[PDB]
file final38.csv (CSV, C-alpha atoms)
chain,number,residue,atom,x,y,z
A,1,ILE,CA,0.0,0.0,0.0
A,2,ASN,CA,2.4,2.7,-1.3
A,3,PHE,CA,1.0,5.4,-3.7
A,4,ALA,CA,4.4,6.8,-4.8
A,5,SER,CA,4.1,5.3,-8.2
A,6,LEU,CA,1.1,7.6,-8.9
A,7,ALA,CA,3.1,10.7,-8.5
A,8,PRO,CA,5.2,12.5,-11.2
A,9,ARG,CA,8.8,11.4,-10.9
A,10,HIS,CA,11.5,14.1,-10.6
A,11,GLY,CA,14.2,11.5,-11.4
A,12,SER,CA,14.5,8.3,-9.3
A,13,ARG,CA,12.5,10.2,-6.7
A,14,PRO,CA,8.8,10.8,-6.4
A,15,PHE,CA,7.5,14.3,-6.4
A,16,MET,CA,5.7,14.1,-3.1
A,17,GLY,CA,4.1,17.4,-2.1
A,18,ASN,CA,4.2,18.8,1.4
A,19,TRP,CA,1.7,17.1,3.7
A,20,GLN,CA,1.2,20.4,5.5
A,21,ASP,CA,-1.0,21.7,2.7
A,22,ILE,CA,-4.7,21.3,3.3
A,23,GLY,CA,-6.9,24.3,2.9
A,24,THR,CA,-8.2,26.5,5.7
A,25,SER,CA,-9.6,30.1,5.3
A,26,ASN,CA,-12.1,32.3,7.0
A,27,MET,CA,-13.0,36.0,7.2
A,28,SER,CA,-10.1,37.4,9.2
A,29,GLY,CA,-6.7,36.0,9.7
A,30,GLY,CA,-6.7,34.1,6.4
A,31,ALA,CA,-4.6,35.8,3.7
A,32,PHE,CA,-3.4,34.3,0.4
A,33,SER,CA,-0.6,35.4,-1.9
A,34,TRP,CA,-0.9,37.0,-5.3
A,35,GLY,CA,-2.4,40.3,-4.1
A,36,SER,CA,-4.2,43.0,-6.1
A,37,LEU,CA,-0.9,44.7,-6.9
A,38,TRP,CA,-2.4,47.1,-9.4
A,39,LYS,CA,-10.3,61.0,-26.2
A,40,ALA,CA,-7.5,61.5,-23.9
A,41,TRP,CA,-7.9,64.6,-22.0
A,42,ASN,CA,-4.1,64.2,-22.0
A,43,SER,CA,-2.2,63.5,-25.1
A,44,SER,CA,1.1,62.1,-24.0
A,45,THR,CA,0.7,59.0,-26.1
A,46,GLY,CA,3.8,57.4,-24.9
A,47,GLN,CA,3.8,56.6,-21.4
A,48,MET,CA,0.2,56.0,-21.9
A,49,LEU,CA,0.6,53.0,-24.2
A,50,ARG,CA,3.4,51.8,-22.1
A,51,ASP,CA,1.3,51.9,-19.1
A,52,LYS,CA,-1.5,50.0,-20.7
A,53,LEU,CA,1.0,47.3,-21.6
A,54,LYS,CA,2.1,47.2,-18.0
A,55,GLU,CA,-1.4,46.9,-16.9
A,56,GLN,CA,-1.8,43.7,-18.8
A,57,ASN,CA,0.9,41.4,-17.3
A,58,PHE,CA,2.6,40.6,-14.0
A,59,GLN,CA,5.3,40.5,-11.3
A,60,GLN,CA,6.1,39.3,-7.7
A,61,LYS,CA,8.5,37.1,-5.6
A,62,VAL,CA,7.0,33.8,-4.7
A,63,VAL,CA,6.5,33.4,-8.4
A,64,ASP,CA,9.3,30.9,-8.0
A,65,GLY,CA,7.8,28.3,-10.2
A,66,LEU,CA,10.8,27.3,-12.2
A,67,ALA,CA,13.7,29.9,-11.9
A,68,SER,CA,14.4,33.4,-10.4
A,69,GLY,CA,17.3,34.3,-12.9
A,70,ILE,CA,21.0,33.7,-12.6
A,71,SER,CA,23.2,35.4,-10.0
A,72,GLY,CA,21.2,36.3,-6.9
A,73,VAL,CA,20.0,38.1,-3.9
A,74,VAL,CA,16.9,37.3,-1.8
A,75,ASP,CA,14.2,40.1,-1.8
A,76,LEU,CA,10.7,41.1,-0.7
A,77,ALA,CA,7.0,41.5,-1.6
A,78,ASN,CA,6.7,38.2,0.2
B,1,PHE,CA,32.0,21.6,3.3
B,2,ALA,CA,32.5,25.1,1.9
B,3,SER,CA,34.2,28.2,3.3
B,4,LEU,CA,33.4,30.1,0.2
B,5,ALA,CA,30.0,31.1,1.3
B,6,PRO,CA,28.5,34.1,2.6
B,7,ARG,CA,28.2,33.5,6.3
B,8,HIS,CA,25.1,35.1,7.9
B,9,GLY,CA,26.0,33.5,11.1
B,10,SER,CA,28.6,31.3,12.4
B,11,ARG,CA,26.7,28.8,10.4
B,12,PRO,CA,27.2,29.0,6.6
B,13,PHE,CA,24.5,30.2,4.1
B,14,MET,CA,23.9,27.3,1.8
B,15,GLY,CA,20.9,26.6,-0.4
B,16,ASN,CA,19.2,23.3,-1.1
B,17,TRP,CA,21.1,20.4,-2.5
B,18,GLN,CA,18.4,20.1,-5.1
B,19,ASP,CA,18.9,23.3,-6.9
B,20,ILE,CA,20.0,22.5,-10.4
B,21,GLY,CA,17.2,23.2,-13.2
B,22,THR,CA,14.9,22.9,-16.3
B,23,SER,CA,11.9,24.2,-18.3
B,24,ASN,CA,10.8,23.5,-21.8
B,25,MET,CA,8.1,25.7,-23.3
B,26,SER,CA,6.0,22.9,-23.6
B,27,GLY,CA,4.0,23.3,-20.5
B,28,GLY,CA,6.4,20.8,-19.5
B,29,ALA,CA,6.1,23.2,-16.8
B,30,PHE,CA,3.1,24.9,-15.6
B,31,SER,CA,4.5,23.8,-12.3
B,32,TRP,CA,4.2,24.9,-8.6
B,33,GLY,CA,5.8,27.1,-6.0
B,34,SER,CA,9.1,27.4,-4.2
B,35,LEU,CA,7.5,27.2,-0.8
C,1,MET,CA,-28.1,21.3,54.3
C,2,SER,CA,-26.9,18.7,56.8
C,3,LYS,CA,-23.2,18.2,56.4
C,4,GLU,CA,-23.9,14.4,56.5
C,5,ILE,CA,-26.7,13.9,54.2
C,6,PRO,CA,-26.2,16.4,51.6
C,7,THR,CA,-28.2,17.1,48.5
C,8,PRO,CA,-26.1,16.0,45.7
C,9,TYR,CA,-24.4,18.1,43.1
C,10,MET,CA,-25.1,17.5,39.5
C,11,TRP,CA,-22.7,18.3,36.7
C,12,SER,CA,-23.4,20.4,33.7
C,13,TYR,CA,-22.1,19.5,30.3
C,14,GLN,CA,-20.9,21.8,27.7
C,15,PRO,CA,-21.4,20.1,24.5
C,16,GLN,CA,-19.3,22.2,22.4
C,17,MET,CA,-15.9,21.7,23.9
C,18,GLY,CA,-16.3,18.5,25.5
C,19,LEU,CA,-15.2,19.6,28.9
C,20,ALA,CA,-17.6,19.7,31.9
C,21,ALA,CA,-18.9,23.1,32.9
C,22,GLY,CA,-19.6,24.1,36.5
C,23,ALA,CA,-22.0,22.1,38.6
C,24,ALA,CA,-24.5,22.8,41.2
C,25,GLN,CA,-26.8,21.3,43.8
C,26,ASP,CA,-29.8,19.7,42.4
C,27,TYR,CA,-32.5,22.1,42.5
C,28,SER,CA,-35.2,20.7,40.4
C,29,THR,CA,-35.9,17.4,42.3
C,30,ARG,CA,-36.0,18.5,45.9
C,31,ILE,CA,-38.8,17.1,48.1
C,32,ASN,CA,-41.0,19.6,50.0
C,33,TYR,CA,-41.7,17.9,53.3
C,34,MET,CA,-42.1,21.2,55.2
C,35,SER,CA,-45.6,20.0,56.1
C,36,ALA,CA,-44.7,16.7,57.6
C,37,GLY,CA,-44.1,15.2,61.1
C,38,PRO,CA,-41.0,13.5,62.5
C,39,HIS,CA,-42.0,10.1,61.1
C,40,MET,CA,-42.1,11.0,57.4
C,41,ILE,CA,-39.2,13.4,57.9
C,42,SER,CA,-37.0,10.6,59.2
C,43,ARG,CA,-38.2,8.4,56.4
C,44,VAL,CA,-37.3,11.0,53.7
C,45,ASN,CA,-33.9,11.6,55.3
C,46,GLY,CA,-33.3,7.8,55.2
C,47,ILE,CA,-34.3,7.8,51.5
C,48,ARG,CA,-31.9,10.6,50.7
C,49,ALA,CA,-29.2,8.7,52.6
C,50,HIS,CA,-29.9,5.7,50.5
C,51,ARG,CA,-29.6,7.8,47.4
C,52,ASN,CA,-26.3,9.1,48.5
C,53,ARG,CA,-25.0,5.6,49.2
C,54,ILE,CA,-26.0,4.6,45.7
C,55,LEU,CA,-24.2,7.5,44.2
C,56,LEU,CA,-21.0,7.3,46.0
C,57,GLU,CA,-20.6,3.8,45.3
C,58,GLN,CA,-21.5,3.8,41.8
C,59,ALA,CA,-19.2,6.4,41.1
C,60,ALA,CA,-16.3,5.1,42.7
C,61,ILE,CA,-16.4,1.6,41.5
C,62,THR,CA,-17.9,1.6,38.0
C,63,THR,CA,-15.4,3.7,36.2
C,64,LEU,CA,-15.7,-13.3,3.4
C,65,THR,CA,-18.6,-10.9,4.2
C,66,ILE,CA,-16.9,-8.5,6.5
C,67,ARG,CA,-19.5,-6.1,8.0
C,68,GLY,CA,-17.8,-3.1,6.3
C,69,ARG,CA,-19.7,-0.4,7.7
C,70,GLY,CA,-23.1,-1.7,8.4
C,71,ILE,CA,-23.9,-3.3,5.1
C,72,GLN,CA,-21.6,-6.2,4.6
C,73,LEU,CA,-19.7,-6.6,1.5
C,74,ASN,CA,-18.3,-9.6,-0.1
C,75,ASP,CA,-14.7,-10.0,-0.8
C,76,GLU,CA,-13.0,-11.5,-3.8
C,77,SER,CA,-9.4,-11.3,-5.0
C,78,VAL,CA,-9.3,-13.4,-8.2
C,79,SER,CA,-12.8,-12.2,-9.4
C,80,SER,CA,-11.1,-10.6,-12.4
C,81,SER,CA,-13.5,-11.2,-15.3
C,82,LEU,CA,-12.4,-9.0,-18.2
C,83,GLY,CA,-8.9,-10.3,-18.8
C,84,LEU,CA,-8.4,-8.3,-21.9
C,85,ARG,CA,-6.5,-5.0,-21.9
C,86,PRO,CA,-6.6,-2.5,-24.8
C,87,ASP,CA,-3.3,-2.9,-26.7
C,88,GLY,CA,-2.7,-1.2,-30.0
C,89,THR,CA,-5.4,-3.3,-31.6
C,90,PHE,CA,-8.3,-3.8,-29.2
C,91,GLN,CA,-10.8,-1.2,-28.1
C,92,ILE,CA,-12.6,-2.0,-24.9
C,93,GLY,CA,-16.1,-0.6,-24.4
C,94,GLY,CA,-18.0,0.1,-21.2
C,95,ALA,CA,-17.1,-2.3,-18.4
C,96,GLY,CA,-16.5,-2.4,-14.7
C,97,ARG,CA,-17.5,-4.8,-11.9
C,98,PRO,CA,-16.9,-3.1,-8.5
C,99,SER,CA,-15.1,-5.5,-6.3
C,100,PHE,CA,-13.3,-4.8,-3.0
C,101,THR,CA,-9.7,-6.0,-3.2
C,102,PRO,CA,-9.1,-7.9,0.0
C,103,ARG,CA,-6.0,-6.2,1.3
C,104,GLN,CA,-5.8,-2.9,-0.5
C,105,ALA,CA,-9.5,-1.8,-0.6
C,106,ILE,CA,-10.7,-3.1,2.7
C,107,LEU,CA,-7.7,-2.1,4.8
C,108,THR,CA,-7.5,1.3,3.2
C,109,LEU,CA,-11.3,1.6,4.0
C,110,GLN,CA,-10.9,0.8,7.6
C,111,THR,CA,-7.7,2.5,8.7
C,112,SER,CA,-8.0,4.7,11.8
C,113,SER,CA,-6.8,8.2,12.1
C,114,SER,CA,-3.1,8.9,11.6
C,115,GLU,CA,-2.5,10.2,15.2
C,116,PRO,CA,-5.0,9.8,18.1
C,117,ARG,CA,-6.6,12.8,19.6
C,118,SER,CA,-6.0,14.6,23.0
C,119,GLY,CA,-8.7,16.9,24.1
C,120,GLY,CA,-12.3,16.9,25.3
C,121,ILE,CA,-14.8,14.2,26.0
C,122,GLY,CA,-17.8,13.0,24.1
C,123,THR,CA,-21.3,12.7,25.5
C,124,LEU,CA,-21.5,9.0,26.3
C,125,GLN,CA,-18.2,9.0,28.1
C,126,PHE,CA,-19.3,12.1,30.0
C,127,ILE,CA,-22.4,10.3,31.1
C,128,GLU,CA,-20.5,7.3,32.2
C,129,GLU,CA,-17.8,9.3,34.0
C,130,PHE,CA,-19.4,12.4,35.5
C,131,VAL,CA,-22.1,11.0,37.8
C,132,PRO,CA,-23.5,13.4,40.3
C,133,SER,CA,-21.0,13.9,43.1
C,134,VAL,CA,-21.9,14.0,46.7
C,135,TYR,CA,-20.1,16.7,48.7
C,136,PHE,CA,-20.1,15.8,52.3
C,137,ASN,CA,-18.7,18.6,54.4
C,138,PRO,CA,-19.0,21.6,52.1
C,139,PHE,CA,-16.0,24.0,52.0
C,140,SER,CA,-14.5,22.9,55.3
C,141,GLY,CA,-10.9,23.7,54.6
C,142,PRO,CA,-8.7,26.8,54.4
C,143,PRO,CA,-8.9,29.0,51.3
C,144,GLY,CA,-7.5,27.3,48.3
C,145,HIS,CA,-8.5,23.9,49.4
C,146,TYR,CA,-12.0,24.1,48.0
C,147,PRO,CA,-13.2,22.2,44.9
C,148,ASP,CA,-12.8,24.8,42.2
C,149,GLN,CA,-14.2,22.6,39.5
C,150,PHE,CA,-17.7,23.5,40.7
C,151,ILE,CA,-17.5,27.2,39.7
C,152,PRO,CA,-18.0,27.4,35.9
C,153,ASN,CA,-16.1,30.7,35.7
C,154,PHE,CA,-12.9,29.0,37.0
C,155,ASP,CA,-10.1,28.0,34.7
C,156,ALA,CA,-7.8,25.2,35.8
C,157,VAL,CA,-4.5,26.9,34.8
C,158,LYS,CA,-5.3,30.6,35.2
C,159,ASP,CA,-7.4,30.7,38.3
C,160,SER,CA,-10.7,32.6,38.4
C,161,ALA,CA,-11.4,33.4,34.8
C,162,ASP,CA,-12.5,37.0,34.7
C,163,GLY,CA,-15.7,37.2,32.7
C,164,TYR,CA,-16.2,39.9,30.1
C,165,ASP,CA,-12.3,40.3,29.5
D,1,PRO,CA,3.8,8.3,-14.3
D,2,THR,CA,2.4,5.6,-16.6
D,3,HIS,CA,0.1,3.1,-14.9
D,4,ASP,CA,-2.8,3.4,-12.6
D,5,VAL,CA,-3.4,7.1,-13.4
D,6,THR,CA,-5.6,7.1,-16.5
D,7,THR,CA,-8.4,4.8,-17.7
D,8,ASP,CA,-7.6,3.0,-20.9
D,9,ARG,CA,-11.2,1.9,-21.5
D,10,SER,CA,-13.6,4.1,-23.4
D,11,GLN,CA,-14.8,6.9,-21.1
D,12,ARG,CA,-16.2,10.4,-21.5
D,13,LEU,CA,-14.7,13.6,-20.1
D,14,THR,CA,-17.5,16.1,-20.2
D,15,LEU,CA,-20.8,14.4,-19.3
D,16,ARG,CA,-24.0,16.2,-20.2
D,17,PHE,CA,-27.2,15.8,-18.1
D,18,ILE,CA,-30.6,16.9,-19.3
D,19,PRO,CA,-33.5,18.2,-17.1
D,20,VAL,CA,-35.6,15.3,-16.0
D,21,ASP,CA,-38.4,17.6,-14.9
D,22,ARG,CA,-39.1,21.3,-15.0
D,23,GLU,CA,-41.6,23.6,-13.3
D,24,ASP,CA,-42.5,27.2,-14.2
D,25,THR,CA,-44.2,30.1,-12.4
D,26,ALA,CA,-44.8,33.7,-13.0
D,27,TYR,CA,-41.7,34.7,-11.1
D,28,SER,CA,-39.4,31.7,-10.7
D,29,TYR,CA,-38.9,28.2,-12.2
D,30,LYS,CA,-37.6,24.9,-11.0
D,31,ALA,CA,-35.2,22.5,-12.7
D,32,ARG,CA,-34.4,19.0,-11.4
D,33,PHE,CA,-31.6,16.8,-12.6
D,34,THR,CA,-30.8,13.1,-11.9
D,35,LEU,CA,-27.0,13.4,-11.4
D,36,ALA,CA,-25.4,10.0,-12.0
D,37,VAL,CA,-21.9,9.0,-11.1
D,38,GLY,CA,-21.1,5.5,-12.2
D,39,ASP,CA,-18.5,3.3,-10.4
D,40,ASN,CA,-14.8,3.8,-11.1
D,41,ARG,CA,-15.3,7.5,-11.2
D,42,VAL,CA,-15.1,10.6,-9.0
D,43,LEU,CA,-16.9,13.9,-9.6
D,44,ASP,CA,-15.6,17.2,-8.3
D,45,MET,CA,-18.7,19.4,-7.9
D,46,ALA,CA,-16.6,22.5,-8.6
D,47,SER,CA,-16.7,21.6,-12.3
D,48,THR,CA,-20.5,21.3,-12.4
D,49,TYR,CA,-22.3,24.3,-13.7
D,50,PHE,CA,-25.8,24.9,-15.1
E,1,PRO,CA,-43.2,-30.3,-24.3
E,2,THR,CA,-45.3,-30.2,-21.2
E,3,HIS,CA,-43.1,-28.5,-18.5
E,4,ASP,CA,-40.0,-26.5,-18.0
E,5,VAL,CA,-40.9,-24.2,-20.9
E,6,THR,CA,-43.4,-21.6,-19.9
E,7,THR,CA,-43.9,-19.9,-16.5
E,8,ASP,CA,-47.2,-20.2,-14.7
E,9,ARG,CA,-46.5,-17.0,-12.7
E,10,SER,CA,-48.0,-13.7,-13.8
E,11,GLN,CA,-45.4,-12.4,-16.3
E,12,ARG,CA,-45.8,-9.8,-19.0
E,13,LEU,CA,-45.2,-10.6,-22.7
E,14,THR,CA,-44.7,-7.0,-23.9
E,15,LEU,CA,-43.2,-4.2,-21.8
E,16,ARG,CA,-43.1,-0.6,-22.8
E,17,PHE,CA,-40.7,1.8,-21.1
E,18,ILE,CA,-41.5,5.5,-20.7
E,19,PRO,CA,-38.6,7.9,-21.4
E,20,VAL,CA,-36.9,9.3,-18.4
E,21,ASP,CA,-35.0,12.1,-20.2
E,22,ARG,CA,-36.0,14.2,-23.2
E,23,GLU,CA,-34.5,17.0,-25.2
E,24,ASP,CA,-36.0,18.6,-28.3
E,25,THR,CA,-33.1,20.5,-29.9
E,26,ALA,CA,-33.5,22.4,-33.1
E,27,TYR,CA,-31.7,19.6,-35.0
E,28,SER,CA,-31.9,16.5,-32.8
E,29,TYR,CA,-34.0,14.6,-30.3
E,30,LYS,CA,-32.4,12.7,-27.4
E,31,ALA,CA,-34.4,10.1,-25.5
E,32,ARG,CA,-33.2,8.0,-22.5
E,33,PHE,CA,-34.7,4.8,-21.2
E,34,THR,CA,-34.2,2.6,-18.1
E,35,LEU,CA,-34.2,-0.9,-19.7
E,36,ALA,CA,-35.0,-3.2,-16.8
E,37,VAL,CA,-34.7,-7.0,-17.4
E,38,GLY,CA,-36.0,-8.8,-14.3
E,39,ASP,CA,-34.6,-12.1,-13.1
E,40,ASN,CA,-35.7,-15.4,-14.6
E,41,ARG,CA,-36.0,-13.6,-18.0
E,42,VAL,CA,-33.9,-13.1,-21.1
E,43,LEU,CA,-34.4,-10.3,-23.6
E,44,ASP,CA,-33.5,-10.7,-27.2
E,45,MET,CA,-32.7,-7.1,-28.3
E,46,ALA,CA,-33.8,-7.8,-31.8
E,47,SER,CA,-37.3,-7.7,-30.5
E,48,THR,CA,-36.8,-4.2,-29.0
E,49,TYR,CA,-37.7,-1.2,-31.2
E,50,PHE,CA,-38.1,2.5,-30.6
call {"tool": "encode", "arguments": {"input": "final38.csv", "output": "structure tokens"}}
result
Amino acid sequence: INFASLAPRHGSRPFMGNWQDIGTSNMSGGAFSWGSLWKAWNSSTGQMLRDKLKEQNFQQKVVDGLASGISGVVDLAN
Amino acid sequence: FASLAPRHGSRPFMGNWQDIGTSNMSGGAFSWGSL
Amino acid sequence: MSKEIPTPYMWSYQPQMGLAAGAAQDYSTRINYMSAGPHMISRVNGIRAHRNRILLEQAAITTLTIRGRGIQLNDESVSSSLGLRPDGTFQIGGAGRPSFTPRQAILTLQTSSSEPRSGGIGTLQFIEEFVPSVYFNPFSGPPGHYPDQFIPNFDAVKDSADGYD
Amino acid sequence: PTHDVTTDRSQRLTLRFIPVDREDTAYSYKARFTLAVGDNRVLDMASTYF
Amino acid sequence: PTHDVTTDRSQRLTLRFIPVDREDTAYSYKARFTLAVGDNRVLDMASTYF
């Protein structure tokens, strides 16, 4: 009775997730990551478009799926 | 061991053994967090 | 009243936490003999003494086809009927005979919790354990020697739980 | 992983249930479905949606 | 033959099954039935017909 064969294998080693992860959330005291980070009267054109581009995309730190990027330092916005 | 590491304490600062890595566009990812 | 035949104290249960709340003397089952003579009054006192004897003592002494979970289920290991498996050629249509594997299915169905609990008490065990307690000579000691379990507003570790915070 | 994760036998992915019975009124109406989950299956209600 | 051919118990010869589910789409019509074959019986599907 071992279920390791069902899991994805990360190379001679099953990819067993942390057992400490079973959901629990309520009104106060429960906070989850990935927060809400974010005819022109004004013709600047430029920053405007750029800003719209920014508005449609993303950035944060626990986004560590895969890799952070080369040489390093550990930072915030936890 | 290693003496070549930043030491934030008397104890050395060393990451996880398992740190070497991969991703193919594929979706061979779409995988979870560092946590 | 009398420090020798006392009206018993009856516990109060808190269902929610499982602990036992404060108790109190029984106040719903008293007998009103205030209109009786010495004969019946002695008889009633003897009856209450008999009740107290019953309580003290009680408390002190008395502390194939497995049933599955109420509907038995049969059990077969080699009941495999559809021996085919779809290789490159075959194409198996709808199928499936639900059978409980003897070791895997049943044992996985009847495993207990991973680690046993440590906390409050359920109703049945409370009934079996917390009989009414007879307090013979009430509060006869120096301060601090009294049974504090009786006061519902008393916490075992931090003494005398201040209500209203 | 290869074995014991996906059913090789012919099986649907997106089942479609039809209303067995329906009632109407001037302000609200009622729809009743006979949701069926055959053996060797598990249904996560989060996917269900009218 | 005399015996072991035909039941003496009250058994139907023809059974009709009412649809349980219906759908009248603009280009189709889906009907569902609960075919029930009781014990001590065998049904030759060639007899059945919508």
call {"tool": "interface_residues", "arguments": {"input": "final38.csv", "of": "chain A", "to": "chain D", "cutoff": "12 Å", "atoms": "all atoms listed in the file", "output": "PyMOL selection string"}}
result
chain A and resi 3-15
call {"tool": "interface_residues", "arguments": {"input": "final38.csv", "of": "chain D", "to": "chain C", "cutoff": "8 Å", "atoms": "only C-alpha atoms", "output": "PyMOL selection string"}}
result
chain D and resi 8-11+39-40
call {"tool": "residues_around", "arguments": {"input": "final38.csv", "residues": "range 21-32 of chain A", "least_positions_apart": "6", "cutoff": "12 Å", "atoms": "all atoms listed in the file", "output": "list in words"}}
result
residues 62 and 78 of chain A; 35 of chain B
call {"tool": "atom_distance", "arguments": {"input": "final38.csv", "atom1": "CA of residue 67 in chain A", "atom2": "CA of residue 6 in chain B"}}
result
21.1 Å
call {"tool": "residues_around", "arguments": {"input": "final38.csv", "residues": "residue 19 in chain E", "least_positions_apart": "5", "cutoff": "7 Å", "atoms": "all atoms listed in the file", "output": "JSON, numbers by chain"}}
result
{"E": [31, 32, 33]}
call {"tool": "residues_around", "arguments": {"input": "final38.csv", "residues": "residue 106 in chain C", "least_positions_apart": "3", "cutoff": "10 Å", "atoms": "all atoms listed in the file", "output": "tab-separated table (two decimals) with C-alpha atoms, keeping the file's coordinate frame"}}
result
chain	number	residue	atom	x	y	z
C	66	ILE	CA	-16.90	-8.50	6.50
C	68	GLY	CA	-17.80	-3.10	6.30
C	73	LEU	CA	-19.70	-6.60	1.50
C	75	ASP	CA	-14.70	-10.00	-0.80
C	100	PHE	CA	-13.30	-4.80	-3.00
C	101	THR	CA	-9.70	-6.00	-3.20
C	102	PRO	CA	-9.10	-7.90	0.00
C	103	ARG	CA	-6.00	-6.20	1.30
C	109	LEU	CA	-11.30	1.60	4.00
C	110	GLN	CA	-10.90	0.80	7.60
C	111	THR	CA	-7.70	2.50	8.70
call {"tool": "atom_distance", "arguments": {"input": "final38.csv", "atom1": "CA of residue 149 in chain C", "atom2": "CA of residue 11 in chain C"}}
result
9.9 Å
call {"tool": "closest_atom_pairs", "arguments": {"input": "final38.csv", "of": "chain A", "to": "chain B", "cutoff": "7 Å", "atoms": "all atoms listed in the file", "output": "Markdown table"}}
result
| residue | atom | partner | partner_atom | distance |
| --- | --- | --- | --- | --- |
| A:62 | CA | B:34 | CA | 6.8 |
| A:63 | CA | B:33 | CA | 6.8 |
| A:64 | CA | B:34 | CA | 5.2 |
| A:65 | CA | B:33 | CA | 4.8 |
| A:66 | CA | B:23 | CA | 6.9 |
call {"tool": "interface_residues", "arguments": {"input": "final38.csv", "of": "chain E", "to": "chain D", "cutoff": "9 Å", "atoms": "all atoms listed in the file", "output": "PyMOL selection string"}}
result
chain E and resi 20-23
call {"tool": "axis_aligned_box", "arguments": {"input": "final38.csv", "around": "range 14-31 of chain E", "padding_each_side": "8 Å", "output": "lines of an AutoDock Vina configuration file"}}
result
center_x = -38.2
center_y = 7.7
center_z = -26.7
size_x = 29.0
size_y = 45.4
size_z = 32.6
call {"tool": "atom_distance", "arguments": {"input": "final38.csv", "atom1": "CA of residue 81 in chain C", "atom2": "CA of residue 36 in chain D"}}
result
24.5 Å
call {"tool": "closest_residue", "arguments": {"input": "final38.csv", "among": "C:157, C:126, C:104, C:133", "to": "chain A", "atoms": "only C-alpha atoms"}}
result
C:104
call {"tool": "residues_around", "arguments": {"input": "final38.csv", "residues": "residue 38 in chain A", "least_positions_apart": "4", "cutoff": "12 Å", "atoms": "all atoms listed in the file", "output": "number ranges by chain"}}
result
A: 34, 51-52, 54-60
call {"tool": "write_last_selection", "arguments": {"input": "final38.csv", "atoms": "C-alpha atoms", "output": "PDB file, keeping the file's coordinate frame"}}
result
ATOM      1  CA  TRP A  34      -0.900  37.000  -5.300  1.00  0.00           C
ATOM      2  CA  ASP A  51       1.300  51.900 -19.100  1.00  0.00           C
ATOM      3  CA  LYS A  52      -1.500  50.000 -20.700  1.00  0.00           C
ATOM      4  CA  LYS A  54       2.100  47.200 -18.000  1.00  0.00           C
ATOM      5  CA  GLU A  55      -1.400  46.900 -16.900  1.00  0.00           C
ATOM      6  CA  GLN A  56      -1.800  43.700 -18.800  1.00  0.00           C
ATOM      7  CA  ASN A  57       0.900  41.400 -17.300  1.00  0.00           C
ATOM      8  CA  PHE A  58       2.600  40.600 -14.000  1.00  0.00           C
ATOM      9  CA  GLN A  59       5.300  40.500 -11.300  1.00  0.00           C
ATOM     10  CA  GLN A  60       6.100  39.300  -7.700  1.00  0.00           C
TER      11      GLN A  60
END
call {"tool": "build_atoms", "arguments": {"input": "final38.csv", "residues": "range 13-21 of chain B", "atoms": "N, CA, C and O atoms", "output": "PDB file, in the coordinates of the input"}}
result
ATOM      1  N   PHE B  13      25.783  30.016   4.859  1.00  0.00           N
ATOM      2  CA  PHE B  13      24.500  30.200   4.100  1.00  0.00           C
ATOM      3  C   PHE B  13      24.467  29.371   2.903  1.00  0.00           C
ATOM      4  O   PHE B  13      24.961  29.792   1.885  1.00  0.00           O
ATOM      5  N   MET B  14      23.855  28.208   2.968  1.00  0.00           N
ATOM      6  CA  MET B  14      23.900  27.300   1.800  1.00  0.00           C
ATOM      7  C   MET B  14      22.486  26.954   1.398  1.00  0.00           C
ATOM      8  O   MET B  14      21.648  26.657   2.222  1.00  0.00           O
ATOM      9  N   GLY B  15      22.238  26.958   0.097  1.00  0.00           N
ATOM     10  CA  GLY B  15      20.900  26.600  -0.400  1.00  0.00           C
ATOM     11  C   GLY B  15      20.626  25.112  -0.430  1.00  0.00           C
ATOM     12  O   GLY B  15      21.376  24.312   0.120  1.00  0.00           O
ATOM     13  N   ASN B  16      19.523  24.726  -1.052  1.00  0.00           N
ATOM     14  CA  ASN B  16      19.200  23.300  -1.100  1.00  0.00           C
ATOM     15  C   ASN B  16      20.083  22.541  -2.055  1.00  0.00           C
ATOM     16  O   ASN B  16      20.563  23.048  -3.054  1.00  0.00           O
ATOM     17  N   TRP B  17      20.319  21.293  -1.719  1.00  0.00           N
ATOM     18  CA  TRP B  17      21.100  20.400  -2.500  1.00  0.00           C
ATOM     19  C   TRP B  17      20.442  20.488  -3.861  1.00  0.00           C
ATOM     20  O   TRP B  17      21.048  20.834  -4.860  1.00  0.00           O
ATOM     21  N   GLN B  18      19.162  20.151  -3.862  1.00  0.00           N
ATOM     22  CA  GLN B  18      18.400  20.100  -5.100  1.00  0.00           C
ATOM     23  C   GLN B  18      18.167  21.363  -5.781  1.00  0.00           C
ATOM     24  O   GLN B  18      17.026  21.794  -5.829  1.00  0.00           O
ATOM     25  N   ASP B  19      19.175  21.983  -6.371  1.00  0.00           N
ATOM     26  CA  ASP B  19      18.900  23.300  -6.900  1.00  0.00           C
ATOM     27  C   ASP B  19      19.102  23.417  -8.391  1.00  0.00           C
ATOM     28  O   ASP B  19      18.623  24.369  -8.985  1.00  0.00           O
ATOM     29  N   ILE B  20      19.764  22.451  -8.988  1.00  0.00           N
ATOM     30  CA  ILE B  20      20.000  22.500 -10.400  1.00  0.00           C
ATOM     31  C   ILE B  20      18.737  22.362 -11.320  1.00  0.00           C
ATOM     32  O   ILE B  20      17.926  21.502 -11.023  1.00  0.00           O
ATOM     33  N   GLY B  21      18.539  23.144 -12.417  1.00  0.00           N
ATOM     34  CA  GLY B  21      17.200  23.200 -13.200  1.00  0.00           C
ATOM     35  C   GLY B  21      16.766  23.237 -14.633  1.00  0.00           C
ATOM     36  O   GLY B  21      17.550  23.579 -15.505  1.00  0.00           O
TER      37      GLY B  21
END
